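A.B. asks: See work_5.cif below, with mmCIF, C-alpha atoms.
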data_data
#
loop_
_atom_site.group_PDB
_atom_site.id
_atom_site.type_symbol
_atom_site.label_atom_id
_atom_site.label_comp_id
_atom_site.auth_asym_id
_atom_site.auth_seq_id
_atom_site.Cartn_x
_atom_site.Cartn_y
_atom_site.Cartn_z
ATOM 1 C CA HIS A 1 120.011 17.309 -8.600
ATOM 2 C CA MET A 2 122.318 19.216 -10.946
ATOM 3 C CA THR A 3 121.386 17.544 -14.217
ATOM 4 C CA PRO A 4 123.364 17.409 -17.466
ATOM 5 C CA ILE A 5 121.418 19.116 -20.199
ATOM 6 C CA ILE A 6 121.945 20.939 -23.492
ATOM 7 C CA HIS A 7 120.039 24.014 -24.633
ATOM 8 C CA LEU A 8 119.321 24.242 -28.368
ATOM 9 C CA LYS A 9 118.896 27.900 -29.275
ATOM 10 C CA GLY A 10 117.558 29.357 -32.518
ATOM 11 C CA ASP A 11 114.496 30.298 -34.548
ATOM 12 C CA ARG A 12 111.325 29.501 -32.636
ATOM 13 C CA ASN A 13 109.846 27.687 -35.606
ATOM 14 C CA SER A 14 113.001 25.759 -36.413
ATOM 15 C CA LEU A 15 113.055 24.664 -32.782
ATOM 16 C CA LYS A 16 109.401 23.533 -32.714
ATOM 17 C CA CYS A 17 110.028 21.336 -35.681
ATOM 18 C CA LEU A 18 113.303 20.103 -34.223
ATOM 19 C CA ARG A 19 111.381 19.175 -31.011
ATOM 20 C CA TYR A 20 108.813 17.062 -33.008
ATOM 21 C CA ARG A 21 111.573 15.392 -34.934
ATOM 22 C CA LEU A 22 113.607 14.622 -31.803
ATOM 23 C CA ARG A 23 110.505 13.102 -30.178
ATOM 24 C CA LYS A 24 109.589 11.043 -33.190
ATOM 25 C CA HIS A 25 112.968 9.918 -34.546
ATOM 26 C CA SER A 26 115.777 10.176 -31.966
ATOM 27 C CA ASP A 27 116.971 8.259 -28.886
ATOM 28 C CA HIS A 28 119.572 9.093 -26.167
ATOM 29 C CA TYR A 29 117.669 11.675 -24.070
ATOM 30 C CA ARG A 30 115.567 11.652 -21.012
ATOM 31 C CA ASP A 31 113.141 14.458 -21.643
ATOM 32 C CA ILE A 32 112.886 17.536 -23.755
ATOM 33 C CA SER A 33 111.079 20.725 -23.036
ATOM 34 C CA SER A 34 108.556 22.776 -24.956
ATOM 35 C CA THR A 35 109.965 25.722 -26.821
ATOM 36 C CA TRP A 36 110.557 28.568 -24.439
ATOM 37 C CA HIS A 37 112.275 31.953 -24.253
ATOM 38 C CA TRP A 38 113.546 34.471 -21.671
ATOM 39 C CA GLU A 39 110.579 37.631 -30.487
ATOM 40 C CA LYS A 40 111.661 35.018 -33.024
ATOM 41 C CA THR A 41 114.363 33.248 -31.021
ATOM 42 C CA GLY A 42 113.856 30.438 -28.569
ATOM 43 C CA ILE A 43 115.324 27.603 -26.531
ATOM 44 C CA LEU A 44 114.743 23.898 -26.223
ATOM 45 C CA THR A 45 116.148 22.049 -23.104
ATOM 46 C CA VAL A 46 117.068 18.397 -23.449
ATOM 47 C CA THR A 47 117.914 16.359 -20.252
ATOM 48 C CA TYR A 48 120.004 13.241 -19.879
ATOM 49 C CA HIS A 49 120.315 10.490 -17.253
ATOM 50 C CA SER A 50 124.073 10.707 -17.516
ATOM 51 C CA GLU A 51 127.112 12.253 -19.179
ATOM 52 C CA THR A 52 127.452 9.092 -21.231
ATOM 53 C CA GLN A 53 123.856 9.372 -22.566
ATOM 54 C CA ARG A 54 124.446 13.062 -23.402
ATOM 55 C CA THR A 55 127.632 12.084 -25.245
ATOM 56 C CA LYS A 56 125.778 9.350 -27.239
ATOM 57 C CA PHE A 57 123.118 11.949 -28.132
ATOM 58 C CA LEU A 58 125.764 14.402 -29.433
ATOM 59 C CA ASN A 59 127.558 11.612 -31.419
ATOM 60 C CA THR A 60 124.343 10.459 -33.289
ATOM 61 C CA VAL A 61 121.446 12.872 -33.359
ATOM 62 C CA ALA A 62 121.428 15.248 -36.263
ATOM 63 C CA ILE A 63 120.898 18.892 -35.254
ATOM 64 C CA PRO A 64 120.794 21.815 -37.760
ATOM 65 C CA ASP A 65 123.723 24.200 -38.207
ATOM 66 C CA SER A 66 121.379 27.094 -37.564
ATOM 67 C CA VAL A 67 120.650 25.902 -34.082
ATOM 68 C CA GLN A 68 123.288 26.454 -31.521
ATOM 69 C CA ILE A 69 124.056 23.587 -29.085
ATOM 70 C CA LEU A 70 124.947 24.757 -25.593
ATOM 71 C CA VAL A 71 126.109 21.985 -23.241
ATOM 72 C CA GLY A 72 125.466 22.644 -19.547
ATOM 73 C CA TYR A 73 123.702 21.695 -16.329
ATOM 74 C CA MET A 74 120.684 22.732 -14.351
ATOM 75 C CA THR A 75 118.964 21.849 -11.059
ATOM 76 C CA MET A 76 115.847 19.705 -11.552
ATOM 77 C CA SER B 1 129.735 29.533 -18.375
ATOM 78 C CA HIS B 2 128.968 30.289 -14.803
ATOM 79 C CA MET B 3 126.757 28.643 -12.244
ATOM 80 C CA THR B 4 123.838 31.121 -12.011
ATOM 81 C CA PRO B 5 121.461 31.026 -8.989
ATOM 82 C CA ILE B 6 117.830 30.397 -10.000
ATOM 83 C CA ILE B 7 114.515 29.076 -8.806
ATOM 84 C CA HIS B 8 112.011 27.038 -10.811
ATOM 85 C CA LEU B 9 108.303 27.608 -10.001
ATOM 86 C CA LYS B 10 106.140 24.640 -10.952
ATOM 87 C CA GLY B 11 102.401 24.503 -10.938
ATOM 88 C CA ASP B 12 99.199 24.955 -12.795
ATOM 89 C CA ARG B 13 99.819 26.885 -16.041
ATOM 90 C CA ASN B 14 97.065 29.497 -15.234
ATOM 91 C CA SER B 15 98.553 29.980 -11.801
ATOM 92 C CA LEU B 16 101.982 30.431 -13.305
ATOM 93 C CA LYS B 17 100.819 32.820 -15.969
ATOM 94 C CA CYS B 18 99.173 35.007 -13.411
ATOM 95 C CA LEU B 19 102.112 34.911 -11.010
ATOM 96 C CA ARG B 20 104.485 35.655 -13.897
ATOM 97 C CA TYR B 21 102.418 38.683 -14.849
ATOM 98 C CA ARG B 22 102.517 39.821 -11.205
ATOM 99 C CA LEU B 23 106.275 39.268 -10.929
ATOM 100 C CA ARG B 24 106.968 41.245 -14.125
ATOM 101 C CA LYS B 25 106.043 44.022 -11.492
ATOM 102 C CA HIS B 26 108.942 43.420 -8.987
ATOM 103 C CA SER B 27 111.464 42.861 -11.814
ATOM 104 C CA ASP B 28 113.828 44.635 -9.515
ATOM 105 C CA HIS B 29 114.242 41.527 -7.445
ATOM 106 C CA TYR B 30 115.310 39.169 -10.305
ATOM 107 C CA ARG B 31 117.525 39.059 -13.290
ATOM 108 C CA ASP B 32 115.351 37.313 -15.849
ATOM 109 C CA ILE B 33 112.246 35.124 -16.060
ATOM 110 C CA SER B 34 111.173 32.681 -18.734
ATOM 111 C CA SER B 35 107.908 32.155 -20.535
ATOM 112 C CA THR B 36 105.940 29.249 -19.198
ATOM 113 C CA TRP B 37 107.157 25.808 -20.380
ATOM 114 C CA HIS B 38 106.800 22.071 -19.613
ATOM 115 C CA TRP B 39 108.537 18.720 -20.166
ATOM 116 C CA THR B 40 107.019 17.010 -23.199
ATOM 117 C CA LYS B 41 98.944 21.364 -17.318
ATOM 118 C CA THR B 42 102.114 21.259 -15.290
ATOM 119 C CA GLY B 43 104.026 24.291 -16.334
ATOM 120 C CA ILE B 44 107.302 25.722 -15.144
ATOM 121 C CA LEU B 45 108.708 29.199 -14.837
ATOM 122 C CA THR B 46 112.491 29.713 -14.464
ATOM 123 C CA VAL B 47 113.693 32.965 -12.679
ATOM 124 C CA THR B 48 117.373 33.971 -12.732
ATOM 125 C CA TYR B 49 119.307 36.198 -10.443
ATOM 126 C CA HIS B 50 122.622 37.999 -10.556
ATOM 127 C CA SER B 51 123.494 36.906 -6.986
ATOM 128 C CA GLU B 52 122.327 34.726 -4.077
ATOM 129 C CA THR B 53 121.728 37.991 -2.241
ATOM 130 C CA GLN B 54 119.178 39.088 -4.827
ATOM 131 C CA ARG B 55 117.505 35.660 -4.765
ATOM 132 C CA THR B 56 117.117 35.646 -1.010
ATOM 133 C CA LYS B 57 115.608 39.147 -1.306
ATOM 134 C CA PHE B 58 113.112 37.900 -3.951
ATOM 135 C CA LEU B 59 112.100 34.966 -1.851
ATOM 136 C CA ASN B 60 111.670 37.354 1.143
ATOM 137 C CA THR B 61 109.379 39.868 -0.460
ATOM 138 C CA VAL B 62 107.460 37.819 -3.035
ATOM 139 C CA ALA B 63 104.352 35.826 -2.180
ATOM 140 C CA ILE B 64 103.941 32.441 -3.824
ATOM 141 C CA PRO B 65 100.848 30.282 -3.520
ATOM 142 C CA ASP B 66 101.090 26.873 -1.893
ATOM 143 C CA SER B 67 100.004 25.105 -5.005
ATOM 144 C CA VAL B 68 103.104 26.521 -6.857
ATOM 145 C CA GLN B 69 106.160 24.425 -5.918
ATOM 146 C CA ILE B 70 109.320 26.568 -5.436
ATOM 147 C CA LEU B 71 112.544 24.702 -6.393
ATOM 148 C CA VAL B 72 115.788 26.540 -5.522
ATOM 149 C CA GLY B 73 118.904 25.645 -7.518
ATOM 150 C CA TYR B 74 121.276 26.814 -10.163
ATOM 151 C CA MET B 75 121.999 26.411 -13.810
ATOM 152 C CA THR B 76 124.962 27.118 -16.058
ATOM 153 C CA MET B 77 124.833 29.830 -18.584
#
Now that the file is in, can you turn its structure into structure tokens?
C.D. replies:
Amino acid sequence: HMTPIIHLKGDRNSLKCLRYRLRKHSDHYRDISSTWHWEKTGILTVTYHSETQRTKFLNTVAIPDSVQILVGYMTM
Amino acid sequence: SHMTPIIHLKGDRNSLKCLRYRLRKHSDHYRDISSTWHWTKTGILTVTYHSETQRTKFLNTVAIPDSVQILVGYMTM
């Protein structure tokens, strides 16, 4: 299905720590990936069960300025 | 953002790492290819293409083992 996601892009280390933090302290997401890349820059994919969950996530989960938030969709 | 054609390959991480190294040799047939990742072993490789033409080519010349699940789809970017 074409799933709503967001990709968090930035420093690989900043992202690894953000992933731990998301996992330990935050709600409003279905799954989150390991840090990956297509090198000091990376990507973290977060999936949602709906557009409303993704919106709740973006209205309440603190994400660092240095990490870019790209909203989007992908087949999974 | 545009809907980009892709395929995900899912399977054993070793399998995927080997296949990914092979593929890196046939880079003509795809746009990009990710490092191996997983949902937080069952790894995943994402391959991107600049057209459905190029994807269909890829799928017609590349050999994928049966234990590696091919998932065709798209993603925005």
A.B. asks: Do you have the CA of residue 44 in chain A-CA of residue 9 in chain A distance handy?
C.D. replies: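 About the pair CA of residue 44 in chain A and CA of residue 9 in chain A: they are 6.5 Å apart.
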A.B. asks: Rank nothing, just name the residue among A:57, A:21, A:74, A:8 nearest to residue 7 in chain B, using all atoms listed in the file.
C.D. replies: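 For residue 7 in chain B, the nearest of the given residues is A:74.
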A.B. asks: Show me, as a PyMOL selection string, the residues of chain B whose atoms get within 6 Å of chain A, using all atoms listed in the file for the distance check.
C.D. replies: chain B and resi 33-35+37-40+73-76
A.B. asks: Using only C-alpha atoms, which residues sit within 12 Å of residue 51 in chain B once same-chain residues fewer than 5 positions away are excluded, as a list in words?
C.D. replies: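 Listing them by chain and then by number gives residues 2, 3, 4, 5, 6, 29, 30, 31, 56, 57, 58 and 74 of chain B.
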A.B. asks: What is the CA of residue 17 in chain A-CA of residue 39 in chain A distance in Å, reported with one decimal?
C.D. replies: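 Between these atoms lies a distance of 17.1 Å.
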A.B. asks: Counting all atoms listed in the file, note down every residue that has an atom within 7 Å of the point (122.8, 8.2, -25.6) (file coordinates), as a PyMOL selection string.
C.D. replies: chain A and resi 27-29+52-57
A.B. asks: Restricted to C-alpha atoms, what would the selected residues look like written as a PDB file, in the frame of the given file?
C.D. replies:
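Below you can see again_18.pdb, which holds the result:
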ATOM      1  CA  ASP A  27     116.971   8.259 -28.886  1.00  0.00           C
ATOM      2  CA  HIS A  28     119.572   9.093 -26.167  1.00  0.00           C
ATOM      3  CA  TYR A  29     117.669  11.675 -24.070  1.00  0.00           C
ATOM      4  CA  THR A  52     127.452   9.092 -21.231  1.00  0.00           C
ATOM      5  CA  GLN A  53     123.856   9.372 -22.566  1.00  0.00           C
ATOM      6  CA  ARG A  54     124.446  13.062 -23.402  1.00  0.00           C
ATOM      7  CA  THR A  55     127.632  12.084 -25.245  1.00  0.00           C
ATOM      8  CA  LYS A  56     125.778   9.350 -27.239  1.00  0.00           C
ATOM      9  CA  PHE A  57     123.118  11.949 -28.132  1.00  0.00           C
TER      10      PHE A  57
END
A.B. asks: So the first atom is CA of residue 24 in chain B and the second is CA of residue 41 in chain A; what is the distance between them in Å, to one decimal place?
C.D. replies: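 The value is 20.1 Å.
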A.B. asks: What do you get, as a list in words, if you spell out every residue that the PyMOL selection byres ((chain B and resi 71) around 6) selects here?
C.D. replies: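 Applied to this file, the PyMOL selection byres ((chain B and resi 71) around 6) selects residues 7, 8, 70 and 72 of chain B.
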A.B. asks: Which residue, B:62, B:9, B:77, B:18, has the smallest gap to residue 43 in chain B when you use all atoms listed in the file?
C.D. replies: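 The shortest atom-to-atom distance to residue 43 in chain B comes from B:9.
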A.B. asks: Kindly provide, as AutoDock Vina command-line options, the centre and edge lengths (Å, one decimal) of an axis-aligned box around all atoms of range 23-38 of chain B given in the file, with 3 Å on each side.
C.D. replies:
--center_x 111.7 --center_y 33.4 --center_z -14.0 --size_x 17.6 --size_y 28.6 --size_z 19.1
A.B. asks: Which residue out of A:26, A:13, A:59, A:66 has the minimum interatomic distance to residue 42 in chain A when only C-alpha atoms are used?
C.D. replies: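 Result for the nearest residue to residue 42 in chain A: A:13.
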A.B. asks: Considering all atoms listed in the file, return as a list in words whatever protein or nucleic-acid residues lie within 10 Å of residue 17 in chain B, sequence-local ones (same chain, fewer than 6 positions apart) excluded.
C.D. replies: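 The filter keeps residues 11, 23, 35, 36, 43, 44 and 45 of chain B.
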